[PDB]
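# A look at the structure
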Amino acid sequence: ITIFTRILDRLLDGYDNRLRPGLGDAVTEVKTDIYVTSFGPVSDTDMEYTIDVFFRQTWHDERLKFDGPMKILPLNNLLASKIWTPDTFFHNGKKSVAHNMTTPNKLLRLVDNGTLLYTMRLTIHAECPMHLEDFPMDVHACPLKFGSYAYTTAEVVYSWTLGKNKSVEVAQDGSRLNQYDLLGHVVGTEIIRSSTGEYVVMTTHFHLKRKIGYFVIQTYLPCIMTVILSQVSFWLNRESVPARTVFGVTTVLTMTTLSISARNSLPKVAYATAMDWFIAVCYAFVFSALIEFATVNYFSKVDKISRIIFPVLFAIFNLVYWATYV
Amino acid sequence: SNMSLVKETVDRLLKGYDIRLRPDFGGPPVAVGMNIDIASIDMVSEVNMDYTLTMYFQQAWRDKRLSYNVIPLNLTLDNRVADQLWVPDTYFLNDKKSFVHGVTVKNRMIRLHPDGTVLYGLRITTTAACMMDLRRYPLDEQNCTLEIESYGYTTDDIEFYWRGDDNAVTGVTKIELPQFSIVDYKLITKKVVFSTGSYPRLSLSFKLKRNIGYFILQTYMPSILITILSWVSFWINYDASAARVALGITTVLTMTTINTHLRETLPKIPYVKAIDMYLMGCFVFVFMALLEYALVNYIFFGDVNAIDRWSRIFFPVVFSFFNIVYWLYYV
Amino acid sequence: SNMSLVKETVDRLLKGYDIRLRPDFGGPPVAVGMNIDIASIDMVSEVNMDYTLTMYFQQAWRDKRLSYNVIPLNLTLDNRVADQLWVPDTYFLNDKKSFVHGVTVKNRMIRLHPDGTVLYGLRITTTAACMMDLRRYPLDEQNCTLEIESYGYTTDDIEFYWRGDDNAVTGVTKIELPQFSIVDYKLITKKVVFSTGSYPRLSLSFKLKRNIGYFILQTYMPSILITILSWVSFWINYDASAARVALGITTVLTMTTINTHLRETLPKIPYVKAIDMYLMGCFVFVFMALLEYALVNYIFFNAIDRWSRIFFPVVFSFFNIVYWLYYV
Amino acid sequence: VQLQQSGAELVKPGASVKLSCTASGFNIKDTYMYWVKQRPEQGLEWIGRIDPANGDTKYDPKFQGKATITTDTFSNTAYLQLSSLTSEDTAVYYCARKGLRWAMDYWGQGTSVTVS
Amino acid sequence: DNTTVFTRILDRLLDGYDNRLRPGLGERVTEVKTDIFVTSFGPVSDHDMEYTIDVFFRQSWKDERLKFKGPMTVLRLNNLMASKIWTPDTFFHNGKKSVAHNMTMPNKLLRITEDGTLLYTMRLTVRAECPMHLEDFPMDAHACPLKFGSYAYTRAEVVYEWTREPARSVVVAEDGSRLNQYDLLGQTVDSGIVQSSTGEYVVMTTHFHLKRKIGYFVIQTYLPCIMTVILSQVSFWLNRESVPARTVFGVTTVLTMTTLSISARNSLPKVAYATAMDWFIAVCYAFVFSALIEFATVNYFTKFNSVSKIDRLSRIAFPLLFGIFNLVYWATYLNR
Amino acid sequence: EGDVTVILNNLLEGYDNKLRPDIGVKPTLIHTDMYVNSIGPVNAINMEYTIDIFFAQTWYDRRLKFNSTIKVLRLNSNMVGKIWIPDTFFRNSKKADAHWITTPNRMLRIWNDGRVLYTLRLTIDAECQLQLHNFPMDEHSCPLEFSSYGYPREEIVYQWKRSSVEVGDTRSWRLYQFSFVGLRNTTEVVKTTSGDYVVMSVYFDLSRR
Amino acid sequence: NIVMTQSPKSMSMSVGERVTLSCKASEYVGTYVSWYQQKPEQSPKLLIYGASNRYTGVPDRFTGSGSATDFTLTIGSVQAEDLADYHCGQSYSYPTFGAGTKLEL
Ligand SMILES: CCCCCCCC/C=C/CCCCCCCC(=O)O[C@@H](COC(=O)CCCCCCCCCCCCCCC)COP(=O)([O-])OCC[N+](C)(C)C
Ligand SMILES: CCCCCCCC/C=C/CCCCCCCC(=O)O[C@@H](COC(=O)CCCCCCCCCCCCCCC)COP(=O)([O-])OCC[N+](C)(C)C
Ligand SMILES: CCCCCCCC(=O)OC[C@H](COP(=O)(O)O[C@@H]1[C@H](O)[C@H](O)[C@@H](OP(=O)(O)O)[C@H](OP(=O)(O)O)[C@H]1O)OC(=O)CCCCCCC
Ligand SMILES: CCCCCCCC(=O)OC[C@H](COP(=O)(O)O[C@@H]1[C@H](O)[C@H](O)[C@@H](OP(=O)(O)O)[C@H](OP(=O)(O)O)[C@H]1O)OC(=O)CCCCCCC
Ligand SMILES: *[C@@H]1O[C@H](CO)[C@@H](O[C@@H]2O[C@H](CO)[C@@H](O[C@@H]3O[C@H](CO)[C@@H](O)[C@H](O)[C@@H]3O)[C@H](O)[C@H]2NC(C)=O)[C@H](O)[C@H]1NC(C)=O
Ligand SMILES: *[C@@H]1O[C@H](CO)[C@@H](O[C@@H]2O[C@H](CO)[C@@H](O)[C@H](O)[C@H]2NC(C)=O)[C@H](O)[C@H]1NC(C)=O
Ligand SMILES: *[C@@H]1O[C@H](CO)[C@@H](O)[C@H](O)[C@H]1NC(C)=O
Ligand SMILES: *[C@@H]1O[C@H](CO)[C@@H](O)[C@H](O)[C@H]1NC(C)=O
């Protein structure tokens, strides 16, 4: 074991972690993998999403050329802070954590030809721009942009290690999504232009689709019943004024409190989603049952035509609304 | 003195010690015996889909470098020598947030056995993640695990095993979650493979059975007794319209409200639970009862007593049959 | 030149500086003068029973080991020498959670003067505990403090005093509290005695006085208008039942909602508050009005209600006189 | 690990008597010194308690004033005084150190005072 | 310099001082004298079944290596030296998240006397767990414990003791009570031996006896549900022809009882058993439901008409039965 | 190594990071510049708003002078703690955090004459006064003040670059209620208990929708 | 302070059978009692500390039992050299004592 002690000492006797490999010679290529162990929950209110990755990096360093009895050295993390690592940050991350139990969670293997493999376990609260115009039928493309911070394109460029499809592999069992389902991922490599130089940025967009199952049974189907609770009153007596009364004074307030409840748990944006439009037209459907009652109290044949036209007029709107989105 | 003898023994042990290299680097893997004493399971949140577990995670391995042949004592050094020795790279794979309690010092111990055995315990609170099947909720039986794995060392370098088989996990019987109930626990040693090697894996699992007495007090019995309220409209005369209207549409409102109030206490799952099935049906009855009164009014003002005396008991039973079907399906 | 001199100097001073022993370790207690500049007092809390305070805490004492003569300027040293110099062990007794802000560096300051005065200023955001007697709530006035004490050094190793004495604390007047109003602030120096010794203590205390303006428009005036609406049933004819019964019950239910709607956002205090007593009195009046209609329909099955259009506004106005003369 | 006291005393009632016990083999500052009264053919009754590190003596609520306990530093010895002794003060006395779990580990050898 | 004596004393103390070993390792047992000064007993979280406590947890052991002969007897220092010396590894057995404060510097006290006695206190915020049984909630009394012992050192290595009398070794401060629900009745300490996987350890226990107050609960759950039974009891005095009015009585009071039943079960553990408050809610709901069944019965028999025998009997039967139940209950628990 | 290593070891040869460059020579003029990434949700209840920037500073430390073929010394965050960094803090920042994953997000470039560019990524929950009059149709100007903590106006002086305040896409921002109308910069002198300090303020004009 | 009412005052059996002592505390003393034996012309000797802890030099037959309030001392197969008085103490507060118990043949 004393042989590998002096081998690791001769690799560190003169190493400078402040300098990239080949600083004045060529460009340091870094091969990157992402292994999504658990795509976590997506917060609509914060427009952030959680993701647990196994961030792997791979680059060539000629300064760590070793010839000994081993071909690969799976060392611990306490030789990682004194070797040059890339300065990779996440451009659209808000607050993300590197786990620390029972040691800090990083991997480091030095291949005999100076190649390094640097795997580190993360949990990323990255930003996701969300357009809430097709809520809750909406589909999203939440990205994960990462690139160098202090190294421009002239010295550091990243690359994907394997093919463009076999790099953002997702674990099959691990999926902590309770609202969405993961359709697929698309990969792209870009060049950004900041005020300090040119940097490489790679994007990994995760395609998401919102399951309607929660919102059809929380907010939609009560907003249907409400108005067919509002279809009882045409079938009542013309003289029964205090009854249809209670019938109506309640249907409106339940449309209002479900308008606020559907507006709960979503960003306070200035635009209207495709949830309030179903509510407001149904609110105009509930309010129209009040106007006919004010008409018949002012004066039946008006009651009979409202028993037929209006349940079909709502049965036209659902056939229109549930055909252009779904 | 014995003090200076132990001092020079530790000075001899930690001189030339390479913390970067595991024991038996060029030889076989090191066997790491691991036993857990669960201090207490704090709680199980279905909203955050996790559970919190305090434990006394202990690891036993053998280092040939830490062997002393003079003093016949188990040298229990301070917890500050743990950062000067090699420890395994053990990480829990489904934890969301975990810490080692650090009052009044760091809660860990280093017991040096004179042969070379190292015992290394820690008091760790892990908020380990646990995906749940909330379809039978609240009459469900979940299964929450704790995956323990090495991060950087493969099966060619570290191998894991429970110390003493099923006698490696103790104290789980005295645990007392306030809502669940530990039925059984099992210990599994598997060998998972990733893209950098195949790693050892120890998984400790629990089977939690939920108690329904809290849900009997909160969400079942008010639903049942608003339902038993709604059938007094079948005894009230038809001509008193306002009373029957108020009864039917009020029972209905409460049914929704309650169904709105309890669904926000659970996450946004897209499927249907057992409690949602009950309240979905409970709505039907109160909605129907109201439509039965509406049909009685339409028949009179368009025998009302005969259909009233029918549904004056039909619902009670149809409801008892639905209750028997629901309970015999899920119990 | 200068940067050449400043160095040898700040290298001599720290060379041979033993942070363990305090200034005059075996001599008189260290005279530590304290300045606080209040930056913002924000969340005064009643559920948690504490207030958030942001301040520029600043201490001033004399160390003769840090004396320079060659340089006539002021050694404004970087913020990382503080781990190498001695500073006092000042803590806050009623603290719960505090920190020094760390952007872009650790927010602290050391300025070595040419006699040996050490200027130590830090940006601290603290959450000091403040128990509140919300018995006159909301017409109450709370006295929230901040107990500044030395921990390990006794009255023979540190003496605490206010540098400005009375102005030692500025910026309180420019603190606008979202829903309170700071009336008076005091500076108290004293000595506290524990079993391990006697320690010097400074305490900064504020006299918060709540504004009932918001409270008077959503807890008192809705409760008044509901009780006014309860008396409309007296003018309705006994011949009818359902209108008076519905009005009285909606009055009862609104009163029960408004009294079991506010105490959620308050600590689970076992005592009765002023707003709770007022809403209890309103509930008593409402319940007595409803027991009046039972009385009428029951006595019949025009004078009992006739007495009630006069008696009920008199006693309720008489109740408002007694209530607003006590809690004022 | 031995407690050595003085001899017996023969004093007239109404006088003052000086009585002391010396501990050897250990320092008295870390432990607590106790005093107990054993009247013949009855139970034990505790007199008082000191500690040489601090010095705040404290006695039985039916024994203060008439009995005090003092100590010093160099001679490793605990002294006591009686004031206005009576017929019921005829007893034998022991001093006991504090042991593990406050057990009154090592007791004295006995000093019986008699009045006349 | 004159201070150079006091830094040649300390460098003489920490010279060859192996801080990884307890004092008297292969010779004796480290008797650690302990006491607690509770500056503020914090609020008790019922829902998490835990409590918060601020302390000046003190320790006092004996080290023979820290022996000096200087001008001063006591050598009051800052915390730096506390990291350079052996301190015991006292952890809290039932603690969940404890904060060793450090504002503005680290809140630790270290006092080495001349002979070698040490005193080393600290300011902590122990958020200890307290197993609570709530069968008589909210007239229940708990003994919330506080257990601390050494982590690594067994009974043959480190033992603990109280420095004063055990009745006076936990001193709660006079003005320190952040409790709103409870009031601290008294103190209780004990010393014992616990058996674990690695060996036997000396464990120190501190029981805090807390009795819960019902004043808030009277305002929130009891008196709303007492008035609600009286509110539905008004319906017995009306006509037999007031069917919509009495349905409004029955529906509104049953809804009030239902929302108070749901709203009573909040900020509380989701316990399987039914508390003492639940057996008041159930009987109140039974009374108002019996009032509604009584109205349905008298409505089915209603056809001028005459005063009901059922109503006239109910006007006497219901208040006496409610008074008997209230007397029995408020003597079963309150005067337990 | 060989050239850049001996350049860096020639630079910090006793370089005191405790004495600002020129402690008794002249006021250290600091050129600041800012690139706003995204302005977060304006928390109206707490009267605060979140802003993400790239805080740039450009002072002229002379001891960092090197003569070689290599002109500029692009470096990582390792060198940041070794040299004198000014103690700029945000005066109205309720709380702030630099980002650390996977490396401390800092930049440090040293030109051969002595310019030390130093940028870092910050997320600042700066305190904004919000008047509740004319609700909800009210305009606002949320500030972002920053200055030194210990070094007074006689010791370091701050400065703005003509186009210092830089704004990005203005479409992925989390400004749901408000809309970014415009920006402005102001430089004044504050008087505190320790002396005069130069305060740089950035005002962000927001109008509710 | 704390009143000890250990019973009985005197009780006698022969050589070689079980004997059970008892001691009752007026208030809470939590496992802090102490049992002492009083040989004639001899000072008391510590026998059991805590509640049930055998002191060094104590034979195995001396076994005590402990609780919050009531405490019992049991000797299996007593003999002639154990013919002495027995005292019950406490240390949870300022120390008090009981009456004692005589043993006879
Ligand atoms: C308050 C109590 C009320 C109780 C009432 C009880 C009785 C009523 C209750 C009845 C049914 C309720 C139970 C089922 C609900 C869940 C369905 C579901 O999840 O399926 C799908 C969502 O759902 C849809 O896609 C819905 C489609 C539109 C329905 C709109 C209402 C009806 C239209 C006419 C309305 C007006 C008619 C009248 C006009 C006058 C799931 O989609 P997914 O997520 O893509 O699938 C999984 C994807 N995966 C394979 C990757 C995993
Ligand atoms: C929703 C609106 C309703 C308004 C109603 C109208 C206004 C009504 C007026 C309200 C104001 C008066 C109450 C204010 C609260 C403080 C007092 C209190 O609770 O004290 C204590 C209760 O002590 C007991 O013994 C409990 C008694 C319960 C009585 C329940 C009613 C009578 C029972 C028969 C009912 C049926 C009778 C009829 C049957 C036909 C609480 O104790 P503590 O303080 O926590 O601690 C102990 C005290 N200590 C500190 C001194 C040790
Ligand atoms: C939202 C609706 C807005 C409607 C706005 C317009 C509403 C509008 O103009 O109503 C007038 C009238 C109301 O009729 P309604 O049935 O309400 O009134 C009866 C009607 O007038 C009979 O003729 C009367 O009998 P008689 O001969 O006196 O003995 C009877 O009195 P009596 O028998 O009790 O003595 C009345 O009660 O309706 C129409 O003419 C057709 C409505 C077509 C409605 C639209 C069709 C497309
Ligand atoms: C939840 C309680 C359920 C109790 C169910 C109890 C069910 C039960 O047994 O009811 C019978 C009777 C109904 O009395 P009630 O006065 O309601 O009914 C009268 C009765 O029907 C007479 O026979 C009628 O006279 P008539 O001959 O037609 O001319 C009279 O009408 P009229 O005179 O106006 O013409 C009716 O009003 O009640 C009792 O005797 C008191 C029982 C108190 C029982 C205890 C009640 C707490
Ligand atoms: C808020 O509460 C605090 C704490 O009760 C009040 O402080 C108290 O103020 C009085 C008057 O200044 C102090 O009394 C004075 O004490 C000094 C000796 O220290 C004595 O020389 C004076 O003659 C006078 O008696 C009192 O000590 C102090 N409280 C404590 C516990 O020290 C404060 O006034 C309250 N109000 C405000 C506006 O802060
Ligand atoms: C630097 O130290 C000098 C020492 O004299 C300070 O001098 C101050 O001078 C002003 C103007 O007369 C007085 O108001 C102050 O009270 C003096 N301070 C003292 C006597 O301590 C000077 O203010 C210091 N300045 C800095 C930048 O630290
Ligand atoms: C040392 O530890 C081993 C393992 O538990 C145990 O068998 C042995 O008795 C211990 N030795 C001593 C002297 O404590
Ligand atoms: C503020 O910005 C302008 C350009 O937008 C610049 O000219 C000016 O110098 C900056 N600050 C000031 C007022 O000096």
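## Quick word on the site of ligand 8
Residues and elements named next belong to chain F. Taken together, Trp 160, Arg 162 and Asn 185 form the complete shell of residues around ligand 8. One of the backbone nitrogen or oxygen atoms of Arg 162 is found 2.9 Å away from an oxygen atom of ligand 8. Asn 185 has a polar side-chain atom sitting 2.5 Å from an oxygen atom of ligand 8.

## A few points about the site of ligand 4
Residues and elements named next belong to chain E. In the region of ligand 4, the neighbouring residues are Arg 240, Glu 294, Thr 297, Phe 301, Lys 303, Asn 305, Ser 306, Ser 308, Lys 309, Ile 310, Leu 313 and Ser 314. The contact in question runs from an oxygen atom of ligand 4 to an N or O atom on the side chain of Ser 308, over 3.4 Å. Surface burial for ligand 4 is 54%, taken as the share of its 950 Å² of free accessible area covered by protein chains. For the shell around ligand 4, the elements supplying multiple residues, two or more each, are helix 5 (278-300) and helix 6 (309-332). Among the elements that take part in the shell around ligand 4, helix 6 stands out by supplying four residues, more than any other. Classifying every residue of the shell around ligand 4 by side-chain character gives three nonpolar, five polar and four charged.

## Side note on a nonpolar patch on the surface
Residue and element names in this part refer to chain A. On the surface, a nonpolar cluster with roughly 720 Å² of combined accessible area is contributed by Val 302, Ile 305, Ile 308, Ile 309, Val 312, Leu 313, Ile 316 and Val 320. For the nonpolar patch, the elements supplying multiple residues, two or more each, are helix 5 (301-306) and helix 6 (309-324). With respect to the helices and strands, the residue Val 320 is situated in helix 6.

## Regarding the UniProt feature "disulfide bond" in chain C
Residues and elements named next belong to chain C. Inspection of the UniProt-annotated bridge between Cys 130 and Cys 144 gives a sulfur distance of 2.0 Å, within the under-2.5 Å criterion for a formed disulfide. Of this pair, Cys 130 sits in the loop between strand 7 (117-129) and strand 8 (141-144) while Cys 144 sits in strand 8, placing them 14 residues apart in sequence. One exposure class covers both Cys 130 and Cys 144, and it is buried.

## Focus: helix 4 (residues 276-298) of chain A
All names here are of chain A. Here helix 4 contains 23 residues, and its C-alpha end-to-end distance of 32 Å stays within 8% of the 33 Å for a straight helix at 1.5 Å per residue. Those residues of helix 4 that sit buried are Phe 278, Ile 279, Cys 282, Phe 285, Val 286, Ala 289, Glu 292, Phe 293 and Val 296. Buried residues along helix 4 sit in contact with helix 2 (213-229), helix 3 (241-263), helix 5 and helix 6.

## Quick notes on the sheet that holds strand 11 (residues 141-150) of chain B
Residue and element names in this part refer to chain B. With antiparallel pairing, four strands are arranged side by side in an open sheet as 6-11-15-14. Looking at the sheet topology across the chains shown, the edges are occupied by strand 6 (90-92) and strand 14 (182-193). In this sheet, neighbouring strand axes are inclined to one another by 20° on average, regardless of whether the strands run parallel or antiparallel.

## Points about the pairing of strand 13 (residues 197-209) of chain C
All names here are of chain C. Burial runs high along strand 13: 10 of the 13 residues are buried. Here strand 8 pairs with strand 13 via four bridges, running antiparallel. Within the sheet, the bridge partner assigned to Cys 144 lies in strand 13 and is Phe 206. Strand direction decides the pairing type here: strand 9 (residues 147-150) and strand 13, joined by three bridges, are antiparallel. Residue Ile 148 lies in a different strand from strand 13, and its bridge partner there is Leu 202. With 12 bridges joining them, strand 12 (residues 182-194) and strand 13 adopt antiparallel strand pairing. In the strand pairing of strand 13, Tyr 185 is matched with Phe 206. The hairpin turn running from strand 12 into strand 13, its antiparallel successor, is two residues long.

Calculation rules
- Residues numbered from 1 in each chain as written, not as in the entry; some residues may be left out.
- Chains lettered and ligands numbered in written order.
- Heavy atoms only, no water.
- Near = heavy atom within 4 Å.
- Polar contact = N/O pair within 3.5 Å; in protein donor to acceptor, adjacent residues only side chain to side chain.
- Areas by Shrake-Rupley, 256 points an atom, 1.4 Å probe, with all protein chains shown as cover.
- Helix = DSSP H or I, 4+ residues; strand = E, 2+ residues; numbered from the N terminus.
- Nonpolar A, V, L, I, M, F, W, Y, C, P; charged D, E, K, R; others polar.
- Patch = residues over 30% accessible without salt bridge, like charges linked within 9 Å, V, L, I, M, F, W, Y side chains within 5 Å.
- Salt bridge = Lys/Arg side-chain N within 4 Å of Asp/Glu carboxyl O.
- Disulfide = S-S within 2.5 Å.
- UniProt positions renumbered as here; feature names shortened; annotations may be inferred.
- Buried < 20%, exposed > 50% of the residue type's maximum accessible area, 1.4 Å probe, protein only.
- Expected span 1.5 Å × (residues − 1).
- Contact = heavy atoms within 4.5 Å.
- Pairing = 2+ DSSP bridges.
- Axes fitted to C-alpha atoms, helices over the stretch in contact; angles between N-to-C directions.

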